[PDB]
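Q: One structure, pasted below without further comment.
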Amino acid sequence: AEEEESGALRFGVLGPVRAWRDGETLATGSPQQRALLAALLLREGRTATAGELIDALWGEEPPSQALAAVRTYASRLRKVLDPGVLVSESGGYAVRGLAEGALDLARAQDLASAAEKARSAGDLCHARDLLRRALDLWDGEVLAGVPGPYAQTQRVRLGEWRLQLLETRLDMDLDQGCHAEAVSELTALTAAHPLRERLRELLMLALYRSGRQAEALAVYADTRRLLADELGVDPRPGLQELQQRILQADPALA
DNA sequence: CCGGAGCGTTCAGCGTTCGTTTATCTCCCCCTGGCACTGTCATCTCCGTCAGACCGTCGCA
């Protein structure tokens with residue numbers, strides 16, 4: 001609320017895509033219109049051609065006379081948005097005139113970069129606040145209810161990036177000494193994510209430093225059984241190494 | 001000792017919202033046509049290969 005500048009236009013892509021003019025929300029429109037807006041936004045104001053926009057929205061099988069569909073989608077964007085924010089260059093469209101902090105993806109990138117810089121500088125409270133601000137950006141699943149293979153690719157990429165953000169965040173939480181909340185939320189996540197090995201290693205190191213051991217090795221046994229049932233292979237050697245060093249009761253982690 | 005209520009799932013009435021087209025309205029690109037004092041023949045090449053042949057050409061005999 002402290003950065004609510006007058007005349008500032010804010011866009012939301014990390015969840016359901018939305019447009020905010022000075023605090024009031026705009027009617028984005030149809031799901032394909034929303035996906036076109038997302039495709040034009042994530043390129044950081046780079047000119048995307050109409051054929052590439054068609055490929056991003058629809059993929060391999062477009063209808064024959066539906067370039068005018070993208071034309072009227074862009075016209076509806078220019079209706080909803082400013083006349084000058086969306087510019088037409090070389091037959092394509094680009095969302096220009098965006099100030100800093102306008103796009104939530106760029107804000108997340110800057111927050112992650114600042115968190116990494118503070119990790120390099122060793123500042124725990126500052127990077128903790130930066131990651132707290134970062135996690136308060138996306139609401140629910142990214143790109144909710146939009147079609148297209150580009151939308152699917154962005155969805156899975158940003159979900160994976162959020163997974164690594166949670167991994168780094170909670171590894172730092174185990175570094176600073178936050179046991180209870182970490183154990184609870186990682187139990188919830190591994191209930192949601194059954195085959196994510198990194199989060200389960202985080203559960204192992206968290207429970208080893210929290211005074212709880214039985215459910216830790218129970219989760220580990222379930223992990224090996226499910227990984228053998230669904231894949232037929234052996235888990236990563238780092239998980240076995242950390243479990244072995246847990247078994248010998250090494251006081252370095254404690 | 002079935003009976004009712006609450007709960008789970010599954011479909012037919014109309015009610016709104018999308019997906020994909022269509023003709024009209026600005027802005028730009030691109031091609032053909034107009035210019036009415038008179039003004040009516042450019043242009044520098046090319047040299048210190050080179051080595052002799054092959055060949056047709058050509059005027060003298």
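Q: What is the angle, in °, between the Cα long axis of helix A:197-208 and the longest principal axis of the Cα atoms in chain A? Nearest 10 is fine, range 0 to 90.
A: The two axes meet at around 40 degrees.
Q: Name the shape class, rounded, prolate or oblate, that the alpha-carbon gyration tensor gives for region A:98-158, where a ≥ b ≥ c are the square roots of its eigenvalues, rounded holds for a/c under 1.5, and otherwise prolate holds if a/b is larger than b/c and oblate otherwise.
A: Numbers: a/c = 2.51, a/b = 2.20, b/c = 1.14.
Cα axes put region A:98-158 in the prolate bin.
Q: Count the net charge of all other residues whose Cβ sits under 14 Å from the Cβ of A:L143, scoring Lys and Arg as +1 and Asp and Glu as -1.
A: Details: positive: A:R18, A:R34, A:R155, A:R157, A:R162; negative: A:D104, A:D139, A:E141, A:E160.
Summing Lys and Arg as +1 and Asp and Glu as -1 gives +1.
Q: Can you compute the charge dipole magnitude of chain A about its Cα centre, using +1 on each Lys and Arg Cβ and -1 on each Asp and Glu Cβ, nothing else charged? Give it in debye, rounded to the nearest 20. Could the numbers behind the result be given before it?
A: Working: 30 positive and 38 negative charges, 92 e Å.
That gives a dipole near 440 debye.
Q: Which of A:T187, A:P149, A:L163 sits closest to the plus end of the dipole of region A:113-208, meaning its Cα is farthest towards the positive end, when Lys and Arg get +1 and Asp and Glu get -1 on the C-beta?
A: Value: A:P149.
Q: Just to confirm the number: angle between the C-alpha axis of helix A:214-230 and the first principal axis of chain A, 0 to 90 degrees, nearest 10?
A: 60 degrees
Q: Sort chain A into rounded, prolate or oblate with this rule: let a ≥ b ≥ c be the square roots of the eigenvalues of the Cα gyration tensor; rounded if a/c is under 1.5, and if a/c is not under 1.5, prolate when a/b is larger than b/c, oblate otherwise.
A: Prolate, since a/c reaches 1.5 and a/b exceeds b/c.
Q: May I pose another question? As a check on your grasp of the helix formula, calculate [θ] at 222 nm for chain A: sum -39500 (n - 2.57) over DSSP H runs of n ≥ 4, divide by the residue count, round to the nearest 500.
A: Details: 10 runs with 145 residues, N = 254.
Mean residue ellipticity, 222 nm, calculated: -18500 deg cm²/dmol.
Q: Continuing with the same structure: By how many nm would the segment from A:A8 to A:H193 grow when fully extended, if each residue of separation counts as 0.36 nm and the alpha-carbon distance is taken off? Walk me through the numbers before you get to the answer.
A: Values: separation 185, 0.36 × 185 = 66.60 nm, distance 3.81 nm.
Answer, rounded to one decimal: 62.8 nm.
Q: Rounding to the nearest 10 and keeping the result within 0 to 90°, find how far the Cα-based axis of helix A:237-247 lies from the longest principal axis of chain A.
A: Here the helix axis deviates by roughly 40 degrees.
Q: Sticking with this one: Report the calculated FRET efficiency for A:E24 and A:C125 (r = Cβ-Cβ distance, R0 = 30 Å), to the nearest 0.05.
A: That gives a FRET efficiency of 0.30.
Q: Right, here's the next one. How high is the relative contact order of region A:1-109, in percent, counting Cα pairs under 8 Å that sit 6 or more residues apart?
A: Working: 123 pairs, mean separation 33.4, N = 109.
It rounds to 31 percent for region A:1-109.
Q: Please find the FRET efficiency linking A:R132 to A:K79, where r is the Cβ-Cβ separation and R0 is fixed at 41 Å, and quote it to the nearest 0.05.
A: Numbers: r = 37 Å, r/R0 = 0.91.
Efficiency, from the Cβ-Cβ distance: 0.65.
Q: Another question, then. With Cβ to Cβ distances under 13 Å as the rule, what net charge do the other residues near A:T72 carry (K, R +1; D, E -1)? Walk me through the numbers on the way to the answer.
A: Details: positive: A:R71, A:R76, A:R78, A:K79; negative: none.
Taking every other residue near A:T72 into account, the sum is +4.
Read-outs: derived from the displayed coordinates by stated rules, not from any lab. Positions of Cβ are generated from backbone atoms using ideal geometry, with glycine treated the same way; all protein chains shown enter the neighbour counts.
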